[PDB]
Amino acid sequence: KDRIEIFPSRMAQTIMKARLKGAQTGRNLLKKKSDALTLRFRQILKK
Amino acid sequence: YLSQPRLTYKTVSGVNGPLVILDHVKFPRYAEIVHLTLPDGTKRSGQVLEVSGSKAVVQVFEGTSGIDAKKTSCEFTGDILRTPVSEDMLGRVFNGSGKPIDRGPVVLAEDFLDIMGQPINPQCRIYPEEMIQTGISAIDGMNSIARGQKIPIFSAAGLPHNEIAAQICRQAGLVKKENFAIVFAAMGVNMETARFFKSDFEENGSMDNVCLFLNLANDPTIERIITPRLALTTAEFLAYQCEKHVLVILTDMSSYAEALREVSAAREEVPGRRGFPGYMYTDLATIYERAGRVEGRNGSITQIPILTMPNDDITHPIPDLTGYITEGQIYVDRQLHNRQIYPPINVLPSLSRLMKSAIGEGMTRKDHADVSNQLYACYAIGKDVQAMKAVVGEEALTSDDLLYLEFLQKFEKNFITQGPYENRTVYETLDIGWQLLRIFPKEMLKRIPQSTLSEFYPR
Amino acid sequence: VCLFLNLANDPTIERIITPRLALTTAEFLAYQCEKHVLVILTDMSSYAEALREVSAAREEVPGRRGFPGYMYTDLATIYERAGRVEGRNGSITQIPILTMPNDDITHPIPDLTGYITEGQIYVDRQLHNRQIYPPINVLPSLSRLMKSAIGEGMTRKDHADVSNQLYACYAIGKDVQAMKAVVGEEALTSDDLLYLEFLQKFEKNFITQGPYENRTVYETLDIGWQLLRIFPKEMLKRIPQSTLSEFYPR
Amino acid sequence: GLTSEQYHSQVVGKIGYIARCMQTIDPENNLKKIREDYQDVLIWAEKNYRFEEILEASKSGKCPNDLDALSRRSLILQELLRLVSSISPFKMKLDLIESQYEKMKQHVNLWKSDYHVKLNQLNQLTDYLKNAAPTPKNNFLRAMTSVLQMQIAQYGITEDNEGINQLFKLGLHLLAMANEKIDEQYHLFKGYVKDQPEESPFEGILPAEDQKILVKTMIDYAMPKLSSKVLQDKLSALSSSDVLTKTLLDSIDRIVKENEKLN
Amino acid sequence: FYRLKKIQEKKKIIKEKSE
Amino acid sequence: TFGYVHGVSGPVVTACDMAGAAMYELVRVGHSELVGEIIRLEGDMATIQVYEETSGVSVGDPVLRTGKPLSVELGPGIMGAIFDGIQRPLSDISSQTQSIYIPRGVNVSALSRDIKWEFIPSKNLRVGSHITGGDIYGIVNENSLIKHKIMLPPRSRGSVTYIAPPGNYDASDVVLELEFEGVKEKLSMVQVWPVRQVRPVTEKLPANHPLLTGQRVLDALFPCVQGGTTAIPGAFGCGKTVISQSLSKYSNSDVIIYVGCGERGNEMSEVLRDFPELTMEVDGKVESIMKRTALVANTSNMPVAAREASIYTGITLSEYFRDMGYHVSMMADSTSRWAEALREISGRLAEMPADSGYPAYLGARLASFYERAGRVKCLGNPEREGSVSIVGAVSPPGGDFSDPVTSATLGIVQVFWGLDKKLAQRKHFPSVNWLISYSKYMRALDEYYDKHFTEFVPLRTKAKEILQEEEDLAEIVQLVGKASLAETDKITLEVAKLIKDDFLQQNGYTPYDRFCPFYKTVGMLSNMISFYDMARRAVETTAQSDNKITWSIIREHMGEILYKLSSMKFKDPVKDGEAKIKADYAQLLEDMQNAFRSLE
Amino acid sequence: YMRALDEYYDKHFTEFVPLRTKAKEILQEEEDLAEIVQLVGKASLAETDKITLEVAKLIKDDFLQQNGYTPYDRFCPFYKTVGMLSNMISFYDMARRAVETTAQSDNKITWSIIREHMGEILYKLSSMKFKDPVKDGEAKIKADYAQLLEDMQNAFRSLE
């Protein structure tokens, strides 16, 4: 479903903005993890 | 000049909040100044907030408590608020309304100036050019300030933005490769911080250049309103008439905005975005834009507004309109503050739009722009690598990543971290920047031309 | 053809009466001259904004996002001037055109127009960017009077079944597209691949159309069947067997 | 588009403007064909009506009042008047005036027409020369533009005439050419004279004193580059010529190249 | 905002009625 | 004649004895004559929004009732002048007052009455000749670059009774007199026009002609048309200066009107410092563009009414110059800041806040503003065509195109050039992103290209396709690397690299290609797309053979041709003639043909 | 008020200012690390990161936690506070010294060896809170904390 179902408020806005930044941070961390794993995987393919 | 006797009225017709409504007034002026004597002999100042027919809505500076009809007298001074200005008020302390609080005498005016001032003519405003060194490396070497720039510090509540401001006020000056001045204006500053400013400047001897306005948190909010305008009227006098480069440091424009909200609501105006008046953009611009170099006058005015962003929301009207009106931003960072790095100036989101004019040959030094860009790039890569380090672990990093992490550590420890009383000329900040960039070999300094590397990299 | 023009530079408050002039003329033609009239009202958004300006000047109670509280009633006064009448051979077919602001169907203008009108033909940026014409998004499109405009007699008797099954297959194709972005192609089952193929060929053949091409309802339904034949009978769960066994094999 | 009163005021004004264009292009009533074509609009000015009378006529429809048709007719006459004026001294033949009027009237959309483009280019040249003071560039441009005006008066703009096209191209190129490029200005003008079919292109087109100044302009450029007093005296002797000729330019070339070969 | 605008309108009306 | 101040609160003033006052009429309140605008009426009262600071205004002060709404004063003297958003001449104020501030309530005439202008009447006009609105009754030799055509005001007409002989006059001199229905009107060289009233035209023609800029990315892939409506993201390092300077210096526009509309102080000072020093080549001589440019420049502390009226004053000056048959490029630097001034005025009036705080009429105002652009058959007798091309820049917060000003701007404009700081950092100058950018005038320009540059349209389509194909292949190359691509995709990648590096990218600071004539642009793209076609043919026709050709073989064999294509930039129209450039590009085509033919 | 109280601390509790600084540093480091520990996993952490996490948990559980209803912790004198934090921070310093000394060396020390070698030290550090000023004298509590410091130094020196 489209929305998180938290009720609008300035506190809700702060919470959701923090959660968005957290999700983006996790996305970047996991993406760098994926890049590292893929680099090692390609190296092992060559070897 | 006014050779005309003043009129004193007892015709108080109402008292509603901070407003004394008088009636039967002879030709009231809007924004006239008024001295009202309470029944007991106390005297309070005030300003004609509104006018209609013979009525006069005198907003009293102090509270209206103790005012009554039928006995309060109210002398209409016959003129708008004009501040006396001289060079002698360089090296003084004044409360928000211009009355000295340094146990010195009242200002013997070289001139009387209307605090509202007039907008600087765009065709006469000149591009700012040269640098004003602040002594703080995190801005002198990465976000330097041009003479005429308005570049606010954005900080949250509880970060050491007041301490940074006091340091800038103590240290700032021309790059010196006696016509400099600072007008400090604290709005809504609590007693402890006001006493801190007053004692700090006096002690560390910058006072001969500092004109200090303090509007304590318990001083009238209307006085808070007129504090930055006194500060900037004095700045205009010293810069565009006495021809000296003035740095205006307006502390807590968030507090100024709260005072503006109070006065707006007193006028009974319906709130705007997030409760602030709709015209806050124009008001903040009337304050900020009293800056910049002008045609044919050696003097200039540089501004460093300081903002307490509520809730740390950069979209909040105060910081948002300040970002629209000013020409950069210097972020103060909670993470650095907790890590105990001082000054906690996060250089990544901070930006100085006219740094390219502030720096360069004949202004700071030939290598300033390249060192700045390289330090920023290496810092960004260092943060990226520090994020990757927890994913892959130190033993899996390449040697370049280790060099970037060493640079990050030494950058936050030697370049950013300064200590409140360590004054660094821009040359010394650049030498530290080069000591940091010598962590890497030349080949990874990809944003510094070889022309500069060959000249500055060695040693 | 009769044209009423109120350009962007023309008065704002006059856009309130322009629809009413046009619909008064349409009603004269349809309910007194017995013409079959097609009424088009361009930028009901630029009408609703004129209505908002007038209501704000009057300081009337606002609805959502500033629009007046009676915008439903006013847009009803406009739209409801359509349809046939007893004993009079004329009709009035309206096709209002309104620009969803920020492409948001929940915005008061499109929302109230959806409540008032008997449908909405949805034009999709996500199709216009791919350069499909007409970029109609059938999935949020609707037509309340289809349920009797189609059937045996008028048009063909597979019309309703084909329409319903095309809707269902298109929705499942969108679901498959959504999930493949997460799991990737390597994790899709052959049924999901059938749905993706249906979606592709459906936007290519059924939706996509020449701006001067007039497909009869029979051609359109034959295309619908040519697309539904991508699936085995058992996955066309909407269509009854009495229709599948008659139209599917061909 | 226009309001009603302003529309009919425009009708009145454009009828007056067509009358003025006719009376300026043909102040002698020579163009019988064109005046017959424009008689329904010319009549309201041939008679001395007032502005209000013609406005009432336009409201009544008695006079021509279709503003688009009036715009087409007025544009035709305006382009013809520009063509007649931009050649100023060179009076154009009545037959050519009528033939080119017919062609312009025939053109689908004048504002996109090559006739209009050529007129704009001619006006560029004429406008620059109306102001700028004598120089090498200005003398060359005035000369070439005078020859171009004579060719326009002789042939008309409505044909792919190679001479007129070459003059347009080279004159506009010289106009666009930077003012400090003395050598390139001289090269362009010399190349024009060389490639021109005639041997004395400017005879009878420019006044004699201007021809003398032109040959003097050539002499002053040729002289400083020499290396022999005998050849300098020969250049002075050539300077006696009152007319510029392709063979004279050949002679100056011979002088300068013989100086070179002496070097 | 609309509530406060209505309230200010009504205060103005009351002030007028006071005369 | 005079009203009297009856009350004051902030900018709002209430004046009594204003029975005859007209709505939105301007007044000069106070003894200092602060300009104000009548926003409401009641009985004999008039409520005035005073633009300037009201401190010191007192009850009983005169309120002089100026008989006009906010109107621009049009006539000789505009060219080269710097105006505030309320038409105040900032340069004349500074010169006359010798003060670095705008005096409060200054009242300097917008067009100087002191300076004499050379005026030459329309030779045909006579006493009694019938004349109408928009007719040119004389020409003023304002500048070497601009002749200023003195026109009758629209809504004026009649029979001429006095037209002055050629000579020197001034804005206060009655130069013409006409008579209509016995009423006699005496006209000087200046006409005053309400800024918010669209100046009439006989017909607003379609915009079927390019608005050249000399920047290849702008002219070829995203063309604008004389009379167009365009948007530009405004950001720090994006480089809107490239577009503004190119339009000012090289565009085929006859006139330029630049509107700051609420800039930062030093950001406006930069424009005022640069524009006077810009120069252009006209008739082989270097002339300052201030002979053909007019600046409505004002900063953020200037009156809010000035910032909101800045766009209208600019567009009204542009319309005035359009009426003379000129093409006028009007560049509004921040329609976002104009919209913020509009929101501020709405909030001060206490109007209901619409979407995201902006007023109820932001969209309607933007529409009625951008609508004033367009190529027009001008009013009046001399058949003329003019145009106003609005290039209004907009500032989305952090690239967020969703805020009302940007959304309406991108729904109302017909071109979007989409500068990009990321490209600026990558050194891709101009910073046009060539993916988010677009131009809806491509269809309107088929009529023009098919006549003058017949081969350009398919060329442009293929170039856009190539760029989109590389945009697609960039994702694949991440997953599986470059070598995985087919030879066709390698051709796509490498030709797209060639185009981006040596066609779209452009070193504007250098003489050879600061201005790129469209014949040069079309020749460049023709050669590059011919290379694309030939490489595609060579690979496609030999993928089935034993001697299969590959991009590697193509690169090794035709390195010379690739270098020449990349160097095609260096042809200089000022040192190489148009014919020479065309011949050289044809030669490159022939040599490419020979090399491909010898390989195939 | 920390800037103003530094002069008081410099005279009465000299050592407290660096201990405060390092406690704040440690807590911020744990905050930064926990996001990766939860978003990704604990596998990649270094030994100094393990020390930071574990000593920061020690500070959070056994220093910044104070059940005010207990006989011993309804009020915590500042000598008790500064002694507790001094011991915990000295433990952090010596653990970091061990791992830094044995990095790039054969006998690489880790938190996994420190915890096992001196789990008694960790337990006593956790139990420092329980010392009761009311019945344990100021001198007795100071002696206990000095004894923990001595035991910590001995344990680290024996591990080293």
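Residues numbered from 1 in each chain as written, not as in the entry; some residues may be left out. Chains lettered and ligands numbered in written order. Part of a larger assembly, values for the part shown. Heavy atoms only, no water. Residues with missing side-chain atoms left out of burial classes, pairs and counts.

The record names cryo-EM as the way this model was obtained, at a resolution of 3.6 Å.

### Quick notes on the sheet that holds strand β9 (residues 117–121) of chain F
Residue and element names in this part refer to chain F. As summarised here, the arrangement of the four strands in space is β12-β11-β9-β14, forming an open sheet in which the pairing is antiparallel. Single-partner strands in this sheet number two, and they are β12 (148–151) and β14 (167–169). On average, each strand axis in the sheet is inclined to that of its neighbour by 40°, with strand direction left out of account. As judged from the three bridges shared by β9 and β14, these two strands associate in the antiparallel manner. Bridging across to β14, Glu118 finds its partner in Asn168. (Pairing = 2+ DSSP bridges. Helix = DSSP H or I, 4+ residues; strand = E, 2+ residues; numbered from the N terminus. Axes fitted to C-alpha atoms, helices over the stretch in contact; angles between N-to-C directions.)

### Quick word on the pairing of strand β25 (residues 385–390) of chain F
Along any regular strand, the residues point their side chains to alternate faces of the sheet. Residue and element names in this part refer to chain F. For strand β23 (residues 327–332) and β25, the ladder comprises four bridges, and the chain directions are parallel. Directly across from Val328, in β25, lies its bridge partner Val388. Taken together, the four bridges between strand β24 (residues 374–377) and β25 define a ladder with antiparallel strand orientation. Bridged to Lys377 within β25 is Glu385.

### Remarks on the interface of chain F and chain B
Tallying the contact residues gives 20 residues for chain F and 24 residues for chain B. Pairing analysis gives two bridges linking strand β5 (residues 43–52) of chain B to strand β1 (residues 2–9) of chain F, with the strands arranged antiparallel. Bridged to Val51 of chain B within β1 of chain F is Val8 of chain F. (Contact = heavy atoms within 4.5 Å.)

### Here we look at the sheet that holds strand β18 (residues 230–231) of chain F
All names here are of chain F. Taken in spatial order, the three strands of this open sheet run β18-β26-β27, and their pairing is mixed. Two strands bound the open sheet, and with one partner strand each, they are β18 and β27 (438–439). Both β18 and strand β26 (residues 415–416) contribute to a ladder of two bridges, which runs parallel. Bridge pairing links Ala231 to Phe416 in β26.

### Comments concerning the UniProt feature "binding site: ATP" in chain B
Here, UniProt's "binding site: ATP" annotation points to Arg353 of chain B. Mapped onto the secondary structure, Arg353 of chain B falls in the loop between β23 (351–352) and α9 (355–358). (UniProt positions renumbered as here; feature names shortened; annotations may be inferred.)

### Re the pairing of strand β17 (residues 210–216) of chain B
All names here are of chain B. Pairing geometry for strand β9 (residues 92–95) and β17, over four bridges, is parallel. Residue pairing across strands places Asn95 opposite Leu214, the latter belonging to β17. Summarising the sheet, strand β16 (residues 180–189) and β17 pair through seven bridges and their orientation is parallel. The residue bridging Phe184 from the neighbouring strand is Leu212, located in β17. Between β16 and its parallel partner β17, the chain crosses via helix α3 (residues 191–203), and the hand of that crossover is right-handed. (Right-handed = clockwise from strand over helix to strand, strands pointing away.)

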